[PDB]
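Data block below; observations after.
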Amino acid sequence: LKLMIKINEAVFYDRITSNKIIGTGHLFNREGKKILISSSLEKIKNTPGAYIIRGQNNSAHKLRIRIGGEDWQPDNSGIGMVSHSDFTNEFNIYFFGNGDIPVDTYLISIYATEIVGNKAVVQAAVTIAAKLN
């Protein structure tokens, strides 16, 4: 079992409406496994599968993200999202915040599993900066 993640290049000319998609995760080689989906970043207490990432330049910088899909749903433990079917090969990363964030690099870091066993893990610089035009 292995995992890919694809952050989407884009510009946000106005507010960062929460629940905007900003990256996709593809999943591979799980054909008969119920897959848990979680991070080892700081957890947001309010929501399962939602996490807080710190500025590489300035750890007071926070970027509040969320992972979920149309075929992923929380366990009541507040530990991750879970899919029950084969044929749910994608999931989404959302901004889950209230306004715009500070320019910095934020290092995002997810993991999946059958459900425990042995874990798979991807990571991805997500960089934010300020375009003037």
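By convention in this document, the chains of the structure tokens carry letters A, B, ... by their order, each chain's residues are numbered from 1, and ligands are numbered from 1 in the order they are shown.
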
Give me, as JSON lines, each residue of range 66-128 of chain A that comes within 8 Å of range 9-32 of chain A, together with its shortest interatomic pair and the distance in Å at one decimal, counting only C-alpha atoms, with rows ordered by chain and rising residue number.
```
{"residue": "A:66", "atom": "CA", "partner": "A:19", "partner_atom": "CA", "distance": 7.9}
{"residue": "A:85", "atom": "CA", "partner": "A:32", "partner_atom": "CA", "distance": 7.9}
{"residue": "A:86", "atom": "CA", "partner": "A:31", "partner_atom": "CA", "distance": 5.8}
{"residue": "A:89", "atom": "CA", "partner": "A:27", "partner_atom": "CA", "distance": 5.0}
{"residue": "A:90", "atom": "CA", "partner": "A:26", "partner_atom": "CA", "distance": 4.6}
{"residue": "A:91", "atom": "CA", "partner": "A:25", "partner_atom": "CA", "distance": 5.3}
{"residue": "A:92", "atom": "CA", "partner": "A:24", "partner_atom": "CA", "distance": 4.7}
{"residue": "A:93", "atom": "CA", "partner": "A:23", "partner_atom": "CA", "distance": 5.1}
{"residue": "A:94", "atom": "CA", "partner": "A:21", "partner_atom": "CA", "distance": 4.5}
{"residue": "A:95", "atom": "CA", "partner": "A:19", "partner_atom": "CA", "distance": 5.3}
{"residue": "A:96", "atom": "CA", "partner": "A:18", "partner_atom": "CA", "distance": 4.8}
{"residue": "A:97", "atom": "CA", "partner": "A:18", "partner_atom": "CA", "distance": 5.3}
{"residue": "A:98", "atom": "CA", "partner": "A:18", "partner_atom": "CA", "distance": 6.1}
{"residue": "A:99", "atom": "CA", "partner": "A:16", "partner_atom": "CA", "distance": 5.4}
{"residue": "A:100", "atom": "CA", "partner": "A:16", "partner_atom": "CA", "distance": 5.3}
```

Excluding range 119-123 of chain A and residues on its chain fewer than 2 positions from it, collect all residues at most 12 Å away from it, counting only C-alpha atoms, and give them as a PyMOL selection string. chain A and resi 1-7+23+25-30+35-41+53+106-117+125-126

Kindly save the residues from that selection, with N, CA, C and O atoms included, as a compact mmCIF listing (two decimals), in the first residue's frame.
```txt
# COMPACT_ATOMS: atom_id res chain seq x y z
N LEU A 1 0.83 -1.23 0.00
CA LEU A 1 0.00 0.00 0.00
C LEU A 1 0.86 1.27 0.00
O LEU A 1 1.71 1.45 0.87
N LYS A 2 0.61 2.13 -0.99
CA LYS A 2 1.26 3.44 -1.12
C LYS A 2 0.38 4.67 -1.46
O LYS A 2 -0.72 4.54 -2.03
N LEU A 3 0.89 5.85 -1.11
CA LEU A 3 0.14 7.09 -1.22
C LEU A 3 0.86 8.23 -1.95
O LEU A 3 2.06 8.46 -1.79
N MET A 4 0.07 8.93 -2.75
CA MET A 4 0.43 10.16 -3.48
C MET A 4 -0.48 11.30 -3.12
O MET A 4 -1.56 11.10 -2.71
N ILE A 5 0.08 12.51 -3.20
CA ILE A 5 -0.60 13.73 -2.84
C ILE A 5 -0.18 14.79 -3.83
O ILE A 5 0.99 14.87 -4.21
N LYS A 6 -1.13 15.60 -4.25
CA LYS A 6 -0.90 16.55 -5.33
C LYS A 6 -1.47 17.87 -4.91
O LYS A 6 -2.67 18.10 -5.03
N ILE A 7 -0.62 18.74 -4.40
CA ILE A 7 -1.02 20.10 -4.07
C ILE A 7 -1.26 20.87 -5.37
O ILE A 7 -0.48 20.73 -6.31
N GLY A 23 -5.48 20.70 -2.39
CA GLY A 23 -4.69 19.57 -2.84
C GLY A 23 -5.55 18.33 -2.90
O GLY A 23 -6.57 18.24 -2.19
N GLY A 25 -5.25 13.92 -2.73
CA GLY A 25 -4.49 12.73 -2.42
C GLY A 25 -5.02 11.53 -3.18
O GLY A 25 -6.21 11.21 -3.10
N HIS A 26 -4.15 10.87 -3.93
CA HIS A 26 -4.53 9.63 -4.61
C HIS A 26 -4.07 8.46 -3.80
O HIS A 26 -3.08 8.55 -3.09
N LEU A 27 -4.78 7.35 -3.89
CA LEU A 27 -4.49 6.18 -3.08
C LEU A 27 -4.30 4.93 -3.96
O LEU A 27 -4.96 4.76 -4.99
N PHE A 28 -3.38 4.05 -3.60
CA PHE A 28 -3.06 2.97 -4.52
C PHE A 28 -2.72 1.68 -3.78
O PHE A 28 -2.08 1.71 -2.73
N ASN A 29 -3.13 0.55 -4.34
CA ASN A 29 -2.71 -0.76 -3.84
C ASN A 29 -3.46 -1.29 -2.61
O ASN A 29 -2.99 -2.22 -1.96
N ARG A 30 -4.56 -0.61 -2.29
CA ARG A 30 -5.53 -1.04 -1.30
C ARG A 30 -6.74 -1.50 -2.10
O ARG A 30 -7.35 -0.71 -2.82
N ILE A 35 -9.48 1.82 4.95
CA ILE A 35 -8.30 2.64 5.12
C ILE A 35 -8.57 3.82 6.06
O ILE A 35 -9.49 4.62 5.84
N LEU A 36 -7.80 3.89 7.14
CA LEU A 36 -7.82 5.06 7.99
C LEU A 36 -6.88 6.10 7.40
O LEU A 36 -5.87 5.78 6.79
N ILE A 37 -7.21 7.36 7.63
CA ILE A 37 -6.51 8.45 7.00
C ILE A 37 -6.27 9.53 8.07
O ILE A 37 -7.21 10.10 8.61
N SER A 38 -5.01 9.76 8.43
CA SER A 38 -4.71 10.73 9.48
C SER A 38 -3.32 11.37 9.35
O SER A 38 -2.55 11.03 8.46
N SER A 39 -3.04 12.33 10.23
CA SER A 39 -1.77 13.03 10.25
C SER A 39 -1.16 12.91 11.62
O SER A 39 -1.85 12.57 12.57
N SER A 40 0.14 13.20 11.72
CA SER A 40 0.82 13.28 13.00
C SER A 40 1.16 14.74 13.34
O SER A 40 1.91 15.03 14.28
N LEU A 41 0.59 15.67 12.57
CA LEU A 41 0.66 17.08 12.93
C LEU A 41 -0.23 17.35 14.13
O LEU A 41 -0.91 16.45 14.63
N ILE A 53 -0.67 23.30 10.91
CA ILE A 53 0.71 23.27 10.40
C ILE A 53 1.42 24.59 10.69
O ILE A 53 0.81 25.67 10.65
N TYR A 106 4.68 25.70 4.67
CA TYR A 106 3.99 24.88 5.64
C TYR A 106 4.19 23.45 5.19
O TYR A 106 3.96 23.13 4.04
N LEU A 107 4.72 22.60 6.07
CA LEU A 107 5.03 21.26 5.63
C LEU A 107 3.96 20.32 6.08
O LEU A 107 3.80 20.04 7.26
N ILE A 108 3.24 19.84 5.08
CA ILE A 108 2.05 19.06 5.25
C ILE A 108 2.47 17.61 5.15
O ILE A 108 3.44 17.29 4.45
N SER A 109 1.72 16.74 5.84
CA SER A 109 2.19 15.41 6.18
C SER A 109 1.06 14.46 6.59
O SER A 109 0.62 14.48 7.73
N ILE A 110 0.62 13.61 5.67
CA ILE A 110 -0.51 12.72 5.92
C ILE A 110 -0.04 11.27 6.07
O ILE A 110 1.11 10.96 5.76
N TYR A 111 -0.91 10.39 6.56
CA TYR A 111 -0.67 8.94 6.59
C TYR A 111 -1.97 8.14 6.49
O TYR A 111 -3.01 8.60 6.97
N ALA A 112 -1.89 6.95 5.89
CA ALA A 112 -3.00 6.00 5.74
C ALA A 112 -2.63 4.61 6.28
O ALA A 112 -1.46 4.35 6.59
N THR A 113 -3.64 3.73 6.43
CA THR A 113 -3.50 2.36 6.99
C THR A 113 -4.75 1.50 6.72
O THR A 113 -5.85 2.05 6.62
N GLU A 114 -4.57 0.18 6.66
CA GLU A 114 -5.70 -0.74 6.88
C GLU A 114 -6.13 -0.60 8.35
O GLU A 114 -5.37 -0.07 9.19
N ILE A 115 -7.34 -1.07 8.66
CA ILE A 115 -7.86 -1.06 10.03
C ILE A 115 -8.82 -2.21 10.35
O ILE A 115 -9.03 -2.57 11.52
N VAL A 116 -5.00 -1.72 13.20
CA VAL A 116 -3.80 -1.13 12.62
C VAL A 116 -3.07 -2.12 11.73
O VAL A 116 -3.66 -3.09 11.24
N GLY A 117 -1.78 -1.88 11.51
CA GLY A 117 -0.96 -2.77 10.67
C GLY A 117 0.39 -2.08 10.58
O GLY A 117 0.98 -1.85 11.62
N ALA A 125 5.72 20.26 0.70
CA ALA A 125 5.86 21.64 1.03
C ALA A 125 4.63 22.28 0.45
O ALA A 125 4.27 22.05 -0.69
N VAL A 126 3.94 23.07 1.23
CA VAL A 126 2.94 23.85 0.59
C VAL A 126 3.42 25.28 0.84
O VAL A 126 3.63 25.68 1.97
```

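CA of residue 124 in chain A is positioned 26.2 Å from CA of residue 84 in chain A.
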
If you run DSSP on the backbone here, which positions in chain A get strand (DSSP E or B)? Please write them as a PyMOL selection string. chain A and resi 2-7+21-28+35-39+42-43+50-55+62-68+73-74+81-83+90-95+104-114+120-128

Could you check the closest approach to residue 103 in chain A for each of A:50, A:67, A:129, A:44 and tell me which residue wins, using only C-alpha atoms? A:129

Give me the residues near residue 78 in chain A as an NGL selection string, where near means some atom within 8 Å (using only C-alpha atoms) and where sequence neighbours in that chain fewer than 6 positions away do not count. :A and (47-49)

Selected residues written out, N, CA, C and O atoms, as a tab-separated table (two decimals), in the first residue's frame:
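The new file out_16.tsv reads:
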```tsv
chain	number	residue	atom	x	y	z
A	47	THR	N	-12.51	19.09	15.21
A	47	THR	CA	-12.86	18.33	14.03
A	47	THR	C	-11.89	17.20	13.77
A	47	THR	O	-10.69	17.41	13.87
A	48	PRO	N	-12.41	16.00	13.45
A	48	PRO	CA	-11.60	14.85	13.04
A	48	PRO	C	-11.04	15.02	11.64
A	48	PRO	O	-11.75	15.40	10.73
A	49	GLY	N	-9.76	14.71	11.49
A	49	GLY	CA	-9.10	14.83	10.19
A	49	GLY	C	-8.81	16.27	9.84
A	49	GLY	O	-8.79	16.64	8.66
```

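Across the model, the gap from CA of residue 74 in chain A to CA of residue 55 in chain A is 27.0 Å.
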